[PDB]
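Tertiary structure, described
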Amino acid sequence: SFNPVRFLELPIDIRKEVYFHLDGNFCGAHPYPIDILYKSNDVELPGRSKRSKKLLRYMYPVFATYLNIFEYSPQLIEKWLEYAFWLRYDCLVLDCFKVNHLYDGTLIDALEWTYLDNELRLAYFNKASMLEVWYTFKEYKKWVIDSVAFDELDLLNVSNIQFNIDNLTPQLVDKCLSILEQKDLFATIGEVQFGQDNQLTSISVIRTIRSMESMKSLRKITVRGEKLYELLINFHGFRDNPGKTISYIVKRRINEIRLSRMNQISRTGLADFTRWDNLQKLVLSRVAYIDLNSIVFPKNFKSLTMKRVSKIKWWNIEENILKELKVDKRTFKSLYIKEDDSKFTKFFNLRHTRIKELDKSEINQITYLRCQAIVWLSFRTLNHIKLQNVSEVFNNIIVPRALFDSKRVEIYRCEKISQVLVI
Amino acid sequence: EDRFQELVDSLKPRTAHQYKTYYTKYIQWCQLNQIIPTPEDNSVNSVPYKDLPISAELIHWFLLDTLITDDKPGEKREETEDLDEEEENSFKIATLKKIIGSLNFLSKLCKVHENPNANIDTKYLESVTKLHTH
Amino acid sequence: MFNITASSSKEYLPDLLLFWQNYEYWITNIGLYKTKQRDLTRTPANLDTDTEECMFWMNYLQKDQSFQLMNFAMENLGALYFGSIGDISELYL
Amino acid sequence: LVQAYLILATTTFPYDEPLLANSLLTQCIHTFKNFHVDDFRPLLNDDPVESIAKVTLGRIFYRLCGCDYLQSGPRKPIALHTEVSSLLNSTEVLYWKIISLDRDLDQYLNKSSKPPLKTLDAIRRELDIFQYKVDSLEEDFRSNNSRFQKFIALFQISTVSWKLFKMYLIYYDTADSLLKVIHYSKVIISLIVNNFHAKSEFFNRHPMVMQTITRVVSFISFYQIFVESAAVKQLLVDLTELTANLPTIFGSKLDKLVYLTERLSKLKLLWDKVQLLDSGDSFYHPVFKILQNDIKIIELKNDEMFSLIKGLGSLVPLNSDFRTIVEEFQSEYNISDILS
Amino acid sequence: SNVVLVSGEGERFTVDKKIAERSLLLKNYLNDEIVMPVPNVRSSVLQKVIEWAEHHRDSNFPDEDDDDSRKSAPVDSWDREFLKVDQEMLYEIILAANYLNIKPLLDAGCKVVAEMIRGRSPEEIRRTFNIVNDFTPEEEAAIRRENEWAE
Amino acid sequence: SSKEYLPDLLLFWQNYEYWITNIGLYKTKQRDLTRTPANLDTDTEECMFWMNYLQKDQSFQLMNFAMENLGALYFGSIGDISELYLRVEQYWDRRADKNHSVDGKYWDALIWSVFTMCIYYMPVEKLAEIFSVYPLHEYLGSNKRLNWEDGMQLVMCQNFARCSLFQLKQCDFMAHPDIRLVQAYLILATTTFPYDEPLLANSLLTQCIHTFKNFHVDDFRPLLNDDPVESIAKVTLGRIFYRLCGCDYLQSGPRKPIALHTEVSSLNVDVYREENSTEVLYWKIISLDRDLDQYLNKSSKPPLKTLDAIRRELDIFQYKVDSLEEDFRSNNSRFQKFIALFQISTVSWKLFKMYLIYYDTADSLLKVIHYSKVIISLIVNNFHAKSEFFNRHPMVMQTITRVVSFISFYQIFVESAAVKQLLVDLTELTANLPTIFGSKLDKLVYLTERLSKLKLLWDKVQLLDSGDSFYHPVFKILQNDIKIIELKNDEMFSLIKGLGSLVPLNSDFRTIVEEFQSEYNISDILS
């Protein structure tokens, strides 16, 4: 028997570090994650009482949009529908949303607008794309936001809710945006997504774009397809398209662009962000191939994080360094590499990569600054890099000293990556 | 377990659970017709991936007997209104493409689990998809 | 200031007037008035040359000449000191 | 300190000692922002001595941002006017509005982005409004202060008008705009020459009639080099006769202005006796390269990297007929003769 | 050499230096026998923390700034067979790891509380409805009236 | 059943700290202008004596002390001092000349600022072996038996600083801006010169900002098309820039409006993370302090994501300062270790103080006590041989002021047993700090004594509840201290006295408040 009050009396750092590892899964009727359902010599298959018929007839058609996906093993659903009455009213769940909003959207990610039970209520999805918590906006402003926003007006405003089309049908996109139009809730949403599982966009995408100027609190735009990346957020050489594109006033507002799952961003010759002249961050989430010599990188952006990629080329900094100190690549690798591991190299582990470095004694302190100016000429004022899960970088990876210090570059899942030299 | 990382990465979680729902319907249809034998009754049946009979004709005959031989022996008569039937067979062709993709994914899952049976011969199902599309 | 043989076309004039809009700044604004090319190994500076110089230039101006200067400023310079010091009749004291 | 520097900046002190005046102005900005007055309006709640003090700081802040604009070089990096809004007693605020409009015009010199037409048109409507405001200032002819007041207001609004129509002529070449440039240049001449015929000769000593006449005679010489016209030639003769008759209290700057006008006159002779070339899209001429190098020499002189290298210690710095005519003209009429 | 972790009751726990530099706070404290007070931790809880560090001397933990390796890491077999203790003494272990800044003990010792908040029976979510107040009784009546029809 | 006023009283501490211990104690110089003298015959015969008092070999012994024991202070500003021995040679060559170039007088002002730093950071045992007590007392005319440790090294430090300023003022340094002005001020800023003259240091710092931004250099990375002299020039300029932002943030307040520091180390901005971490590590640990001390005067809570980010960069700079080289054969390495470790202990203390005040997280009071003991353990450790002068750097005066003021403020309202022993330990430490801080040490002792007597007043008068808010004389005295020093840090009254003939015109508890303000006035900490 778990005790909620004894949990809610201990202070807020421990509660953050509880709800950071409880990812979003507030329920006991969680689906199995999709790593054991494939790593198995077995297929879990179904094979139904007096009470469960009432729930599957009366509760279930309200939730038949987002929960018909889990029709395999319907013991999951007739376990789910007893959580579905009381889990959104739970004190642990509301405390998780309180310490989420008090730490600015860090703990559990991206509450989502949806339209179920005829209300236009919020929703929370876990990583398995299951709703668990659905709140209408009056209740969400009442008993989680106003329970932590007592008197300071820099915390009453709630502007982190995602929008996330491809969750729901385009007719429901239209009805959701109409009900969102008749209220003054465009400043409530914080980011939008894009789906659509030459220039032929879907109806829901056009409906989303034609009201995107009205937000005035929008950041963090994201798409999910290679046949949709080229159409609205890549420049592509197009300079005049009045309708169906993404309204240059609202290109200025956004902070980052997430690129969810694709094959290549440089399907054409150049994958240029010449516009979006105000974004600071960019996250490549599951793109298969990217070429760092094929992105144009706007005038002041800071972070290029990237994860789950399969092939990286690199900024080919080495080919410009070898013009400077004027050696061959074999002679460079044999003579001008020191591989120093003093103490900050050994702080973050990287037990699979071997971090290397040029010579302080065999380069005479100028053509050393030129060799560093090559690297800062090829980066063009970025700082945060964050290579997660990768494989088989083609060129060698070259990172400057001022950015490899202070943990501003960070290779996390080091399996096939190796030999990052730091200059 | 070499290819399981780029197999989960080929899909969303939502699409992976939709596909598991669709081939769970397929394996229920194969067990009620005894194409693959059930291990036991009144117990949780756990059929392997090594010995799952998948072919073009089995997928298409599943598609017949569930999706497009719409018998429904008490509720056939709800195909009168033209707009409702247009939405309903748009739903039929959408679920047709989704079940073909799900069973293609089931074939791709079973070929790595040492099952030499699941060869889809995908031009057959493309001809079926183009037939229903026409 | 432009954007082989001879020619008589006039593409030089539109880019040339835009070049005037840079030349005017760097010559008639910055170079002529706001540029004092200094040298620090050649410049003398101390506090023995200028102290008795200021003593002389304050002992030179007598008392009653200063009131004629202030009367000239009051009668003939009203559009300059009013932005800074307001009324110069308050400054006779 | 702020009051003494705003008195000294109504003379040629910020041009005989420009770096010292920039450091004095940085101290004046530091001393003015020390008091932390974010609103210069007389509020009813305060002491009526403190309201007079805030009125005093308003009328000192206007003159201080005026002298902030009039020293906007690269040798003056700390600004006060950034904390003011823009237009896009009651006579000192008029000079403030005219100088702020002059700033909104002349900020397009060093940058490359040419201004829009709607911006210059809004400046033109506001210019006509302030022209009506300046032309309505009544003045007693026996009270010399109000005459000098009206002279300052009318000369500043004529300078802003001339710069606006110069930007019309340059950035867009609007039809019937050179006539307006010649018209306002004749207005400036008819203002300055008028002061010799009324025994108020000290009106032509205010430092705006050096700045304005420098801009006007340099632009009319530069236009008479390339595009000839009889009215422009008569205007250039009038500008040269006026430049020869500016008061002697300017001293070295007047003689350097005469030198610059003479150099742009000799450059017309060099443009005439040397034929223009081409390259299909690019044009070559020695006058073009000499005018390139006249900017490049002064950008080298206002590069304070060499004083930095001298200040960091033992670091010593280790640095056809076309080129012949260019080097002979730069040896004969050097651009570094206008420096001090 | 050796350090001394003085507990909150007063006992002295001599720990090896390389083992006790798992705690980031002590490893930063050593940059001055080196004793150091740990004020809010009982002797048994500090003994459990030191036994955790004695086991996980040789193990390798994620980089403390992760999304995937820190949230989606499973607990060890020893860490799950180590925290089968009283619930209040479990929270006191978490308080001890949050004082001493031992991040992987605050990682594996706090995914257990996550596995206890989820995976609990839906009957005793209905039982634990307003154990903390969180609702007016009018809204409690409205919520219990909305789902009165099922049970 | 507890003390409920305490959160909205710690939120008041976040304002009392800024308006007493930051602005009122170190950066307030209440000057009248109808009483202050102004002459160029008093100083021109006084600084002549202070320049004739030093000799050649004494100056070279000062420079040897700088080369052996102070490399964490000048090397950011002036570079390595082996290039500066030539400048001391050229100063003693050019001593008798009568036509001084400005390029000579800037190096004279720079080496007199270096001499000021050497006098301020020298122990009294090494000082007595170099200089002589008696000619100084035969000149100044004071108490004869007033040896260096009894309050005389501060006088010679201040007078060497004033002679370096007089040699700057002979340069006409406003008319000839050069980087040696910025270097001389960055040498003088390591002393208590920014606290003996808190209005002159702000104006010299404004002149150094004007001198720096005269060069129009924003990117200190050496470009590919640069002169190989100009590359090392921009590298040294970048070191001077981050040293200048470090000595520029520490003088922020209402009497210094023009600020140079514009960047952010967490989460527009212009100039950061382009530069190699060599001695910008001293800046990066102060911007991480600026992100905490920008919420003193501000009236909004810092978001907890910002405090967690600051905690993570604290751990990163802990492991970075432990990654520094162990050059034990040079004594300046331990002093650089002490500076870059005392700064991170200071920022850790301020971080967990703001956790305790704004949010009351896990054991944050114990973390405040722990980092207070770490600050004590860094200062008491320097009481050994060869490193006694490490406790003279002005950051320990700032930090001990903040820490003993917060512990004396917290001992009043919370009856604790570890805070009491901690306060006794900091009182013993404040009575053992070096005497070269001068009057600021006595004012810190007075402020701690005033807070202790205010604790004795807290137990005396019973707390008056009123339901919605409380009432007590201690609360009104703490309200009034901020109002008095805000009245003293308002230059509008000197403006009304400056524009001309303008004249400035505008129970049980009140008796106790006025008696406590008459007996223990807050205006004693200004002078």
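Residues numbered from 1 in each chain as written, not as in the entry; some residues may be left out. Chains lettered and ligands numbered in written order. Part of a larger assembly, values for the part shown. Heavy atoms only, no water. Residues with missing side-chain atoms left out of burial classes, pairs and counts.

As summarised from the PDB record, the model derives from cryo-EM at a stated resolution of 3.6 Å.

Chain F is annotated in the PDB entry as Centromere DNA-binding protein complex CBF3 subunit B from Saccharomyces cerevisiae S288C. Taken directly from UniProt, the Subunit text for chain F runs: "Component of the CBF3 copmplex, which is formed of CBF3A/CBF2, CBF3B/CEP3, CBF3C/CTF13 and CBF3D." (UniProt positions renumbered as here; feature names shortened; annotations may be inferred.)

Per the PDB entry, chain B goes by the name Centromere DNA-binding protein complex CBF3 subunit A and belongs to Saccharomyces cerevisiae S288C.

Our focus in this paragraph is the pairing of strand β2 (residues 12–16) of chain E. Residues and elements named next belong to chain E. Residue alternation in β2 divides its side chains into a buried set, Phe-13 and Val-15, and an unburied set, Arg-12, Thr-14 and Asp-16. Where strand β1 (residues 2–6) and β2 come together, five bridges link them in antiparallel fashion. For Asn-2, the partnering residue across the bridge sits in β2 and is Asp-16. Counting the residues that bridge the hairpin from β1 to β2 gives five residues, and of these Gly-10 lies at a positive phi of roughly 140°. (Buried < 20%, exposed > 50% of the residue type's maximum accessible area, 1.4 Å probe, protein only. Helix = DSSP H or I, 4+ residues; strand = E, 2+ residues; numbered from the N terminus. Pairing = 2+ DSSP bridges.)

What follows is about the interface of chain C and chain D. In many reports, interface size means the accessible area that the parts give up when they come together. At the interface, 47 residues of chain C touch 74 residues of chain D. Mapped onto the side of chain C that touches chain D, the elements with two or more residues apiece are β1 (5–6), α1 (12–29), α3 (63–76) and α4 (81–84) of chain C. Per-element tally for the side of chain C that touches chain D: the top contributor is α1 of chain C, with 16 residues. The class makeup of the residues in the side of chain C that touches chain D is 25 nonpolar, 16 polar and six charged. Direction of pairing for β1 of chain C relative to strand β1 (residues 277–278) of chain D: antiparallel, over a ladder of two bridges. (Contact = heavy atoms within 4.5 Å. Nonpolar A, V, L, I, M, F, W, Y, C, P; charged D, E, K, R; others polar.)

What follows deals with the interface of chain B and chain A. In this assembly, 30 residues from chain B lie in contact with 31 residues from chain A. Considering every element that reaches the side of chain B that touches chain A, the biggest residue donor is helix α2 (residues 13–32) of chain B, with 12 residues. Within the side of chain B that touches chain A, the residues separate by chemical class into 14 nonpolar, 11 polar and five charged.

Here we take up the pattern of salt bridges. Taken as a whole, this structure holds 73 salt bridges over all chains when the rule is applied. The residue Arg-41 of chain D makes a salt bridge to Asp-39 of chain D at a minimum N-O spacing of 2.7 Å. Taking relative accessible area as the criterion, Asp-39 of chain D reaches 30% and is therefore assigned partly exposed. Through salt bridges with shared partners, a single ionic network connects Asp-13, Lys-16 and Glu-17 of chain A, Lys-103 of chain E together with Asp-308 and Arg-311 of chain F. (Salt bridge = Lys/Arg side-chain N within 4 Å of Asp/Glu carboxyl O.)

With seven pairs of chains in contact, the largest contact count belongs to chains C and D. Separated without contact, chain A and chain C have their nearest C-alpha atoms at a distance of 24 Å. Chain E makes no contact with chain D, the minimum C-alpha separation between the two being 36 Å.

Attention shifts here to empty space enclosed by the protein. All names here are of chain F. What the largest cavity holds in volume is close to 210 Å³. As for the largest cavity, its lining consists of 15 residues, and the residues nearest its centre are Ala-72, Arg-243, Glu-279, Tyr-282 and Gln-336. Those elements that provide at least two residues to the lining of the largest cavity are α4 (74–77), α13 (228–249), α14 (281–293) and α16 (332–358). Taken together, the residues of the lining of the largest cavity sort by class into eight nonpolar, four polar and three charged. (1 Å grid on protein atoms, 1.4 Å probe; cavity = no way out; pocket = protein on both sides within 12 Å on 5 of 7 lines; lining within 4 Å. Points joined across faces, edges and corners; volume = space filled by probe spheres on them.)

Before going further, it helps to spend a moment on the sheet that holds strand β14 (residues 420–422) of chain A. Here we have three strands laid out as an open sheet, ordered β12-β14-β13 (chain A), and parallel in their pairing. This sheet does not close on itself; its edge strands, each paired only once, are β12 (356–357) and β13 (397–399) of chain A.

Moving on, we come to the nonpolar core. Among the nonpolar cores identified, the biggest contains 427 residues, and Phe-194 and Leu-259 of chain A together with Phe-413 of chain F are the most heavily contacted of them. When residues in this core are grouped by element, the largest group, 16 residues, is from α16 of chain F. Sequence-distant contacts of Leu-259 of chain A, that is, excluding residues within four places in its chain, are made with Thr-222, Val-223, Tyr-229, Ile-233, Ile-265, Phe-273, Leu-282, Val-283, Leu-284, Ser-285 and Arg-286 of chain A. Counting 92 residues, the second-largest nonpolar core is a separate cluster that includes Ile-220, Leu-242, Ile-298 and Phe-329 of chain D. (Core = buried A, V, L, I, M, F, W, Y, C linked by side-chain atoms within 4.5 Å.)

A few words on unusual backbone geometry. For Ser-406 of chain A, which is not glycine, the phi dihedral falls at a positive 60°. Within the fold, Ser-406 of chain A resides in the loop between α13 (401–404) and β14. Given the relative accessible area of 8%, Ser-406 of chain A is considered buried. Despite not being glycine, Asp-363 of chain F shows a phi value in the positive range, around 55°. Examined against the element boundaries, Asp-363 of chain F turns out to sit in the loop between α16 and α17 (364–380).

Residue and element names in this part refer to chain B. There is a patch of like negative charges on the surface, built from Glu-75, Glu-78, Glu-79, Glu-81, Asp-82, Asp-84, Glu-86, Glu-87 and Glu-88. If you trace the backbone, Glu-87 turns up in helix α4 (residues 82–112). Residue class for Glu-87 comes out exposed when judged on its relative accessible area of 57%. (Patch = residues over 30% accessible without salt bridge, like charges linked within 9 Å, V, L, I, M, F, W, Y side chains within 5 Å. Areas by Shrake-Rupley, 256 points an atom, 1.4 Å probe, with all protein chains shown as cover. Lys, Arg positive; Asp, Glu negative; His and termini not counted. Charge placed at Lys NZ, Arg CZ, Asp CG, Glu CD.)

Residues and elements named next belong to chain B. Buried within helix α5 (residues 123–133) we find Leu-125, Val-128 and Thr-129. Each buried residue of α5 sits inside an arc of 100° when the element is viewed along its axis, so together they form one side. The exposed residues of α5 that point more than 90 degrees off its buried face are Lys-123, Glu-126, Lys-130 and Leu-131. Its buried side turned inward, α5 meets α3 (56–68) and α4. (Arc of directions from axis to C-beta.)

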